[PDB]
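Undergrad:
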Amino acid sequence: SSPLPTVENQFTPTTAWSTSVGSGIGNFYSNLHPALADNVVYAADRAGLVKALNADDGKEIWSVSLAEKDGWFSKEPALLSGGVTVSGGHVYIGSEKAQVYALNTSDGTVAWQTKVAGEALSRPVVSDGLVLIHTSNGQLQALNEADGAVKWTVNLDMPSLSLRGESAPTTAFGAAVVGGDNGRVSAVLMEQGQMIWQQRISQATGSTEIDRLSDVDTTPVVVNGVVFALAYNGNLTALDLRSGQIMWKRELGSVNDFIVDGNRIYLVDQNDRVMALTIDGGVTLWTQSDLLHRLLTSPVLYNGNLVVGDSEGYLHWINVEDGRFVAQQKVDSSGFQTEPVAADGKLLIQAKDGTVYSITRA
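Here the entry's author numbering is used: the first residue of the sequence shown is 13, the next is one more, and so on.
1) Reducing DSSP to helix, strand and coil, say where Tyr244 ends up.
2) Tell me the DSSP secondary structure of residue 7 in three-state form.
3) Curious, which full-length beta strand (DSSP E) runs of at least 3 residues does the region 326-363 contain?
4) Taking the alpha carbon of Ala49 as the reference point, which residue from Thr18, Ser118, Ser77, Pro15 has its own alpha carbon closest?
5) Between the Cα of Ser266 and those of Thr230, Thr350, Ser226, spot the shortest distance and give me the residue it belongs to.
6) Measure the CB-CB distance between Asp140 and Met202 and report whether it falls below 8 Å.
7) So what does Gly106 bridge to, in DSSP terms?
8) Which whole-angstrom value is the C-beta distance of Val162 and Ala132, which I expect to be below 8 Å?
9) Output yes or no for whether 8 Å exceeds the beta carbon distance between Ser346 and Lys358.
10) Ignoring anything shorter than 3 residues, give me the beta strand (DSSP E) runs that lie fully in the region 248-291, in order along the chain.
11) So, at 6 Å on beta carbons, what are the nonlocal neighbours of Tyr369 in its own chain, with the 5 sequence-adjacent residues on each side left out?
12) In whole angstroms, give me the CA-to-CA distance for residue 386 and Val295.
13) Measuring CB atoms only, is the region 216-232 touching the region 174-191, in the sense that at least three cross pairs come out at less than 8 Å?
14) Got a sec? Which residues, its chain only, sit under 8 Å from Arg336 by beta carbon, not counting five neighbours each side?
15) Going straight from the alpha carbon of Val332 to that of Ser13, what length do you get?
16) Check the DSSP bridge columns for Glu80 and list the partner residues they point to.
17) Do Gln349 and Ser323 have their C-beta atoms closer together than 8 Å?
18) For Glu72, which beta-bridge partners are listed by DSSP?
19) By DSSP, does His146 sit in helix, in strand, or in coil?
20) Taking CB distances under 8 Å as the criterion, tell me whether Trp209 reaches chain D.
21) What do you get for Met287, buried or exposed, if any count of 16 or more other CB atoms within 10 angstroms of its CB means buried?
22) Taking the beta strand (DSSP E) that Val234 falls in, what are its first and last residues?
23) Helix, strand or coil, according to DSSP, for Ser35 in the structure here?
24) Within this structure, are the beta carbons of residue 7 and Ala129 separated by less than 8 Å?
25) Can you name, in chain order, every residue of its own chain whose Cβ lies under 7 Å from the Cβ of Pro136, other than the five neighbours on each side?
26) DSSP on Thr367, reduced to helix/strand/coil?
27) With three or more C-beta pairs closer than 8 Å as the rule, is the region 150-168 touching the region 186-206?
28) Note the first and the last residue of the continuous beta strand (DSSP E) segment covering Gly321.
29) Does the Cβ of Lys342 have 16 or more other Cβ atoms within 10 Å, making it buried, or fewer, making it exposed?
30) Take the Cβ of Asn236 as the centre, count every other Cβ of all protein chains shown within 10 Å, and call the residue buried at 16 or more, exposed below.
31) DSSP three-state call for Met202: helix, strand or coil?
Dropping the structure here:
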């Protein structure tokens with residue numbers, strides 16, 4: 013592992029509120045994380061529990077359950093995994109049983125429930141009034157906001173090994189841009205799911221070994237006209253948005269997640285070394301590696317700092333110029349692992365077990 017850095021807090025970091033959610037993800041694989049819209053926080057657990065909460069104080073609004081009734085005293089877990097997405101009147105969640113749920117925001121009644129073509133370990137993405145689902149067996153599927161029917165399906169690649177690492181779609185200017193577990197990046201037109209391009213980003217996994225630390229968020233991000241994407245080997249690549257042509261590849265190390273903002277890329281490698289890069293070239297500016305082998309979440313930007321959680325239950329704030337620590341708190345002794353979320357002035361994060369938390373300072 014690697015010991016915890018010493019604590020020169022520049023602000024005093026507190027926990028605004030916290031409310032638990034079942035018990036919730038544990039040590040199972042899932043990508044469940046909170047969502048916010050309209051001073052409502054929505055959140056879930058593996059079993060099938062879904063709590064809507066007031067964003068200011070954390071008090072519960074509705075708590076529904078999606079678990080199935082199976083056998084005398086057991087309820088059977090819904091196996092929710094595709095972290096919570098919310099848009100329009102609906103709350104969207106996907107499961108490892110190939111189900112996508114659409115729950116009404118007003119009261120969390122089920123509006124529709126569709127069987128999709130494979131597991132939905134990723135965030136549904138809404139755009140166009142179509143709900144986008146990237147399945148574990150290499151499909152891209154598009155569902156109606158309104159009734160949940162499958163407008164279309166695209167077969168992305170000759171199906172491969174299924175890997176840890178979220179793979180949501182992103183959208184830009186009418187296209188879906190999607191990554192995957194097979195070295196491939198694709199752009200699909202959203203009307204009728206027609207192919208625009210497909211770039212091979214690295215070798216199709218050619219029986220090369222899979223390390224236990226590999227966990228690559230393969231979700232592309234489009235800034236200006238550049239597509240940024242990690243291939244499953246943990247290499248960062250930049251592509252021209254129009255044609256999918258490779259601009260460059262960082263065979264740097266092995267990157268689990270990254271984020272973009274302004275003129276910086278901020279990433280976390282599979283060793284838990286944190287790094288900052290230039291946007292045009294992906295040139296490295298600083299590394300912070302005092303967190304080696306604690307087990308970090310994805311990072312977010314909040315109030316101008318990088319925030320990342322670890323399995324030992326700590327938050328860490330990092331200066332965005334180098335690179336040094338700024339604050340650190342113990343928060344929940346079941347660890348962190350799923351991503352912290354930043355929108356509208358709030359910092360939300362969900363722990364394995366101990367579940368939801370708002371965060372600031374005073």
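Ideal Cβ positions, reconstructed from N, Cα and C, are used throughout, including at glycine.
TA: This is what the structure holds:
1) coil
2) Because the chain here runs from 13 to 374, residue 7 falls outside it and cannot be looked at.
3) 326-330, 337-342, 353-355, 358-362
4) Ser118
5) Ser226
6) yes
7) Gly94, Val112
8) Not quite, the Cβ-Cβ distance comes to about 13 Å (not below 8 Å), so this is no contact.
9) no
10) 248-252, 258-262, 267-273, 276-281, 286-290
11) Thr27, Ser30, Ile361
12) Because the chain spans 13 through 374 in this model, residue 386 falls outside it and cannot be assessed.
13) yes
14) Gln300, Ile330
15) 25 Å
16) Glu88
17) yes
18) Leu65
19) strand
20) No chain D appears in this structure, which consists of one protein chain only.
21) buried
22) 233-235
23) coil
24) Not covered by the structure: residue 7. The range shown for the chain is 13 to 374.
25) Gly94, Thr97, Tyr104, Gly106, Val112, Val143, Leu144, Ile145
26) coil
27) yes
28) 317-321
29) exposed
30) exposed
31) coil
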